[PDB]
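J.: One file is attached below, data_14.txt, containing compact mmCIF, C-alpha atoms and all ligand atoms.
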```txt
# COMPACT_ATOMS: atom_id res chain seq x y z
CA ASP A 1 -34.40 -74.25 -16.95
CA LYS A 2 -31.37 -73.78 -14.75
CA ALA A 3 -29.64 -76.97 -15.80
CA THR A 4 -29.45 -79.07 -18.90
CA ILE A 5 -29.36 -82.87 -18.93
CA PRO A 6 -26.62 -84.34 -21.13
CA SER A 7 -28.09 -87.87 -20.85
CA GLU A 8 -31.60 -88.67 -19.73
CA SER A 9 -30.43 -92.16 -18.72
CA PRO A 10 -27.37 -93.28 -16.66
CA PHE A 11 -23.98 -94.22 -18.07
CA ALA A 12 -20.91 -96.06 -16.86
CA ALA A 13 -18.68 -94.47 -14.26
CA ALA A 14 -15.74 -95.00 -16.70
CA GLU A 15 -17.47 -92.59 -19.08
CA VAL A 16 -17.50 -89.59 -16.79
CA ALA A 17 -16.51 -86.51 -18.76
CA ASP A 18 -13.29 -84.57 -18.48
CA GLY A 19 -13.84 -81.66 -16.13
CA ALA A 20 -17.01 -83.07 -14.55
CA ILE A 21 -17.41 -82.39 -10.85
CA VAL A 22 -18.05 -85.89 -9.31
CA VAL A 23 -20.26 -86.59 -6.31
CA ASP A 24 -19.99 -90.18 -5.08
CA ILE A 25 -22.99 -91.95 -3.63
CA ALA A 26 -21.43 -94.30 -1.07
CA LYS A 27 -22.25 -95.35 2.45
CA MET A 28 -25.97 -94.54 1.77
CA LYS A 29 -25.19 -90.80 1.42
CA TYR A 30 -24.22 -88.19 -1.12
CA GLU A 31 -20.58 -88.02 -0.07
CA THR A 32 -20.36 -84.31 -0.94
CA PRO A 33 -23.72 -83.13 0.46
CA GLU A 34 -23.01 -79.46 -0.31
CA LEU A 35 -21.15 -78.83 -3.55
CA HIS A 36 -20.10 -75.38 -4.81
CA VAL A 37 -19.68 -75.03 -8.60
CA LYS A 38 -19.66 -72.34 -11.27
CA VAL A 39 -22.09 -71.66 -14.09
CA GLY A 40 -21.37 -74.02 -17.00
CA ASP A 41 -20.03 -76.83 -14.77
CA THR A 42 -21.29 -80.37 -15.20
CA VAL A 43 -21.93 -82.25 -11.93
CA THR A 44 -21.88 -86.05 -12.19
CA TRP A 45 -23.23 -88.30 -9.49
CA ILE A 46 -21.83 -91.87 -9.41
CA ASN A 47 -23.57 -94.64 -7.50
CA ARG A 48 -20.98 -96.87 -5.85
CA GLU A 49 -23.48 -99.18 -4.13
CA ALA A 50 -25.70 -102.15 -4.95
CA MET A 51 -28.80 -100.27 -3.86
CA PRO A 52 -30.01 -97.97 -6.70
CA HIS A 53 -30.07 -94.22 -6.12
CA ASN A 54 -31.03 -91.11 -8.05
CA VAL A 55 -31.15 -87.35 -7.59
CA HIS A 56 -34.54 -85.59 -7.36
CA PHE A 57 -35.17 -81.85 -7.43
CA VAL A 58 -38.75 -80.73 -6.70
CA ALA A 59 -40.62 -78.37 -9.01
CA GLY A 60 -39.39 -74.83 -9.05
CA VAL A 61 -35.77 -75.76 -8.27
CA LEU A 62 -34.05 -76.60 -11.58
CA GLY A 63 -36.97 -75.21 -13.57
CA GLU A 64 -40.72 -75.40 -13.67
CA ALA A 65 -40.93 -79.17 -13.51
CA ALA A 66 -39.53 -81.48 -10.90
CA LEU A 67 -36.45 -83.34 -12.12
CA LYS A 68 -36.75 -86.96 -10.98
CA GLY A 69 -33.43 -88.38 -12.27
CA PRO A 70 -33.16 -91.96 -13.48
CA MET A 71 -32.22 -94.68 -11.05
CA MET A 72 -28.52 -95.39 -11.21
CA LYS A 73 -27.41 -98.97 -10.72
CA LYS A 74 -24.07 -99.76 -9.09
CA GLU A 75 -21.17 -98.02 -10.90
CA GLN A 76 -23.48 -95.88 -13.01
CA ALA A 77 -23.45 -92.13 -13.29
CA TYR A 78 -25.79 -89.25 -14.18
CA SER A 79 -24.98 -85.62 -15.02
CA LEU A 80 -26.50 -82.18 -14.85
CA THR A 81 -24.92 -79.07 -16.41
CA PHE A 82 -25.82 -76.01 -14.36
CA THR A 83 -26.46 -72.90 -16.47
CA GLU A 84 -27.60 -70.34 -13.85
CA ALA A 85 -26.57 -69.27 -10.34
CA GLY A 86 -28.68 -70.48 -7.47
CA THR A 87 -28.99 -73.02 -4.70
CA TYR A 88 -30.41 -76.37 -5.79
CA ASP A 89 -31.57 -78.82 -3.13
CA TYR A 90 -32.16 -82.47 -4.00
CA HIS A 91 -32.90 -85.82 -2.43
CA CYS A 92 -32.94 -89.46 -3.43
CA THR A 93 -36.44 -90.57 -4.51
CA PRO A 94 -36.46 -94.02 -2.84
CA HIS A 95 -34.44 -92.69 0.14
CA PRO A 96 -35.70 -89.23 1.03
CA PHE A 97 -33.56 -89.10 4.16
CA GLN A 98 -30.62 -88.74 1.71
CA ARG A 99 -30.33 -85.03 0.89
CA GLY A 100 -27.81 -82.78 -0.83
CA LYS A 101 -27.47 -79.41 -2.55
CA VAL A 102 -25.54 -77.83 -5.38
CA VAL A 103 -24.67 -74.13 -4.92
CA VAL A 104 -23.93 -72.51 -8.27
CA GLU A 105 -22.08 -69.18 -8.17
CU CU B 201 -30.82 -93.37 -2.47
```
Show this structure as structure tokens.
T.:
Amino acid sequence: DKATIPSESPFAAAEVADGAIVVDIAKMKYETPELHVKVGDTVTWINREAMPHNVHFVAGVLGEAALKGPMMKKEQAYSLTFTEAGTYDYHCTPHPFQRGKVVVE
């Protein structure tokens, strides 16, 4: 796999780690739809809305399996630690019109 998952379930926005690279989910979009990070960085998405959201990477992107992240309620967060360079497209499972990518270099 090209990322590790610190927590399989969401956690409170207040618990975001030092040095995490935050992507807000606000106004029904990933507010940073193209994020550039380095190997070893942890990206944390934070849902700021009442509607739940996740991040979903199809098979072959983060690794062999799809990664269907857990649904984040309002003011919850979810992280991925990227361990290899690449370009990692994702969408929101219930809202597939909501798309983003993480470029790891
Ligand atoms: Cu969504």
J.: Can you build me a table of chain A residues sitting at most 6 Å from ligand CU 201 (chain B), with the closest atom pair per residue and its distance in Å to one decimal, using all atoms listed in the file, sorted by chain and residue number, as a Markdown table?
T.:
```
| residue | atom | partner | partner_atom | distance |
| --- | --- | --- | --- | --- |
| A:53 | CA | B:CU201 | CU | 3.8 |
| A:92 | CA | B:CU201 | CU | 4.6 |
| A:94 | CA | B:CU201 | CU | 5.7 |
| A:95 | CA | B:CU201 | CU | 4.5 |
```
J.: For a quick check of understanding, using all atoms listed in the file, which of A:17, A:58, A:37, A:50 has the smallest distance to residue 71 of chain A?
T.: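 Comparing A:17, A:58, A:37, A:50 against residue 71 of chain A, the winner is A:50.
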J.: Work out how far apart atom CA of residue 49 of chain A and atom CA of residue 32 of chain A are and give it in Å to one decimal.
T.: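 These atoms are spaced 15.5 Å apart.
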J.: Report, in Å with one decimal, the straight-line distance from atom CA of residue 62 of chain A to atom CA of residue 80 of chain A.
T.: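 For atom CA of residue 62 of chain A relative to atom CA of residue 80 of chain A, the distance reads 9.9 Å.
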J.: So which one's closest to residue 85 of chain A, A:36, A:29, A:5, A:69? Using all atoms listed in the file, please.
T.: A:36
J.: Using all atoms listed in the file, give me every residue within 10 Å of (-36.6, -86.1, -10.1) in file coordinates, as a list in words.
T.: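 Within the cut-off we find residues 54, 55, 56, 57, 58, 59, 62, 65, 66, 67, 68, 69, 70, 71, 90, 91, 92 and 93 of chain A.
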J.: Just the number, please: distance in Å from atom CA of residue 60 of chain A to atom CA of residue 23 of chain A, one decimal.
T.: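 Going from atom CA of residue 60 of chain A over to atom CA of residue 23 of chain A covers 22.6 Å.
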J.: May I ask which of the residues A:72, A:77, A:28, A:61 is the closest one to residue 46 of chain A, counting all atoms listed in the file?
T.: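 The closest residue to residue 46 of chain A is A:77.
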J.: Using only C-alpha atoms, which of A:45, A:64, A:101, A:82 sits nearest residue 12 of chain A?
T.: A:45
